[PDB]
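A.B. asks: Here you go, one structure.
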2 protein chains.
Amino acid sequence: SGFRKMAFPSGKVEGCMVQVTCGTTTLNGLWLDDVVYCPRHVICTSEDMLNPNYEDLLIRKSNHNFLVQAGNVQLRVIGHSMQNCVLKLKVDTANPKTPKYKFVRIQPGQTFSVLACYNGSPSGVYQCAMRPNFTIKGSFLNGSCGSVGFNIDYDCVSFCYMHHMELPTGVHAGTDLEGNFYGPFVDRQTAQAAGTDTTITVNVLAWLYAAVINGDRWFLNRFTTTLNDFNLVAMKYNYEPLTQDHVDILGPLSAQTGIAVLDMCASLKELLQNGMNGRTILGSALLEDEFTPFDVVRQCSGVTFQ
Amino acid sequence: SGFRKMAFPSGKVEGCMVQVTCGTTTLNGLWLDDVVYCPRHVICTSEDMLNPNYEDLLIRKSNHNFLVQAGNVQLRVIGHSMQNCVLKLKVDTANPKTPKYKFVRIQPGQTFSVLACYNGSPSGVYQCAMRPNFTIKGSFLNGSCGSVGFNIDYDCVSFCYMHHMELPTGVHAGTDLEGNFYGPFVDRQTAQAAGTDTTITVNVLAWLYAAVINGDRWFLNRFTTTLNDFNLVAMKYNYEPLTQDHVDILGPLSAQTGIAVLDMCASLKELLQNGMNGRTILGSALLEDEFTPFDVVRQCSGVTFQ
Ligand SMILES: *C(=O)[C@H](C[C@@H]1CCNC1=O)NC(=O)[C@H](CC(C)C)NC(=O)c1cccc2cccnc12
Ligand SMILES: *C(=O)[C@H](C[C@@H]1CCNC1=O)NC(=O)[C@H](CC(C)C)NC(=O)c1cccc2cccnc12
């Protein structure tokens, strides 16, 4: 028993991280086959970041202006291109540690592990969620750029996130591996509105099912509700509306615990309307929404990788 | 900026995990050089676990009764010995992925990353602390045994924990890599008292310094206190007493933030006496004690490994 905010084992991603240097700028790159992927703002100076014309900047750069280092050894860059907000550096050697991999663009609410790196070396690994407003609440310092978020499935790594930017409000924004930002954000040192964040209702419900599985169930109430009635309460407390899809996805946890989804919704309703009243759920004094139903099933059944 | 419960990159430990089978029992082993380390209760049946004579049980076993599997390949066991509560299986092949490593016995309050494994394959990685009462609040299912906790320093892995047991109260207990349990616990299916847990005061203080570094500082009060006066309040709320050692260890965070330790103690005092009043600190509605001062400095300065 027990429930932790568990990250994927990082080993497969560790072997892909490299350092990319251009001018005075250094950040992390992801080396897969004979391509290195990194944020295109590697080509910028602090001055350029105010208002970069990335086309104009990249034109000044040649293959040899990109130093890629994997440990001690230099990779030779024989080609470069800009796809959206990422730079693709073709190198002459294939990464011998390349895992089976996909690029995926995940939906709001989904979760992944971040491998936080500096100078192409990992510092740590943590689990986080793509917020409804397409930001993440990560842990990123100067030089963290190029760090990636990912999911593993048996032996296949699914890369979903590359870190590009901390907003003025201290929250984090980035792209998929095709370099398309999550959300409205641009790679420019400018004030940028993230917009209203919302709580990921289905994830909270998943986490409540986790709590019941692990014996924590004081919050189970005598009430039920409807999807509409619940949603009225959801909008008030800045929760995402609950669909039959979300209800369907919770089916397994409902089947394992014998608690109907709408009964758990009623319990959740009461927690929102009355607060948690000084008590805790799975060591938390607030409603956690960083666990997808899939995360709960993974953790509580001990699914393995490699 | 931002602050996460970050685990170490697990890659170096992934390459050490193996499956150990004896009779019908299977659990995780740690393969370092030509030795595999695993819990000695691998030799038990469900019946034996009530009251095992480990000496008597092990005597019935020979080298060939231990199947060690690293992926597809079998390791050949050419020797076995019992050190305290761990079994050491000498194998004929050295692990080619052996990292630079130490065995350390950590103190209460210190932190480490757990790599949760099943059948010698990792499921996930999370950060936790050795509770003052020598338990850990982990995430462990049947078959999780042999899973290890560790710290990394540049390229050296320091193994501090091997998982052996979930207590009836759903908390977790284990040994160092020399097989000596943390705390009073024995490897027997019996009711076992963990004793009163306490909050790791120095870690809470560290985390408050982290909070100030990351702009969260509403909790900063107008008051100061003494070490004695603070400690009086500490004992009341089940906090560990604060020593000059702990004050000394917080020095760096005090120097970075310009907040004297005893002023932060006063702030902490007020949070304990008045509660958090519906507000949050670094996304938490309670006082986190799983971050050592070293963890805070690591995270907030982006220290790397490999
Ligand atoms: C990447 O290495 C670095 C990571 C930042 C630095 C502080 N924490 C992080 O997560 N990114 C940048 O250098 C980045 C460049 C963007 C504009 C492409 N700049 C920012 O992340 C950044 C920092 C502070 C304030 C603002 C405001 C607007 C845009 N970007 C900002
Ligand atoms: C290891 O694979 C397994 C992990 C346990 C199983 C449930 N979650 C875990 O963390 N350990 C055991 O099989 C273990 C054997 C001990 C006695 C050496 N038994 C327990 O961990 C266990 C489970 C429930 C209740 C009790 C009560 C007393 C002792 N051990 C218990």
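Residue numbering in chain B adheres to Swiss-Prot, whereby the residues present occupy positions 3264-3569 in order.
This deposition comes from X-ray crystallography, 1.9 Å.
The backbone N, Cα and C atoms fix where each Cβ goes, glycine too.
Pasting the feature list from Swiss-Prot:
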DOMAIN    B:3264-3569  domain 'Peptidase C30'
CROSSLNK  B:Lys3268  ubiquitin cross-link
ACT_SITE  B:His3304  active site, for 3CL-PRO activity
CROSSLNK  B:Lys3353  ubiquitin cross-link
ACT_SITE  B:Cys3408  active site, for 3CL-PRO activity
A.B. asks: Could you tell me which three-state DSSP class B:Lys3268 (ubiquitin cross-link) falls into?
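C.D. replies: Its secondary structure by DSSP: coil.
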A.B. asks: Would you count the other CB atoms within 10 A of the CB of B:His3304 (active site, for 3CL-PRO activity), including those on all shown protein chains?
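C.D. replies: There are 23 of them.
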A.B. asks: Out of the recorded positions B:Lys3268, B:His3304, B:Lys3353, give me the one sitting nearest to B:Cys3408 (active site, for 3CL-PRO activity) by CA distance.
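C.D. replies: For B:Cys3408 (active site, for 3CL-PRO activity), the closest Cα among B:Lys3268, B:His3304, B:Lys3353 is found at B:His3304.
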A.B. asks: Would you kindly give the Cα-Cα distance separating B:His3304 (active site, for 3CL-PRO activity) and B:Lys3268 (ubiquitin cross-link), rounded to the nearest Å?
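C.D. replies: Given the Cα positions, B:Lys3268 (ubiquitin cross-link) is 32 Å from B:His3304 (active site, for 3CL-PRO activity).
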A.B. asks: Could you work out which of the recorded positions (B:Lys3268, B:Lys3353, B:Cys3408) has its C-beta surrounded by the smallest number of other C-beta atoms within 10 A?
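C.D. replies: Checked B:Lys3268, B:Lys3353, B:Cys3408; of these recorded positions, fewest Cβ neighbours within 10 Å: B:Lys3353.
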A.B. asks: Look up B:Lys3353 (ubiquitin cross-link) in the DSSP assignment and report helix, strand or coil.
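C.D. replies: The residue in question, B:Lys3353 (ubiquitin cross-link), is strand (DSSP, three-state).
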A.B. asks: Measuring Cα to Cα, tell me the gap between B:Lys3353 (ubiquitin cross-link) and B:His3304 (active site, for 3CL-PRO activity) in whole angstrom.
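C.D. replies: Answer for this pair: 17 Å between alpha carbons.
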A.B. asks: Can you tell me which of these recorded positions sit near ligand 2, meaning the Cβ is under 6 Å from at least one of its atoms: B:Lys3268, B:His3304, B:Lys3353?
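C.D. replies: The ones that qualify, in sequence order, are B:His3304.
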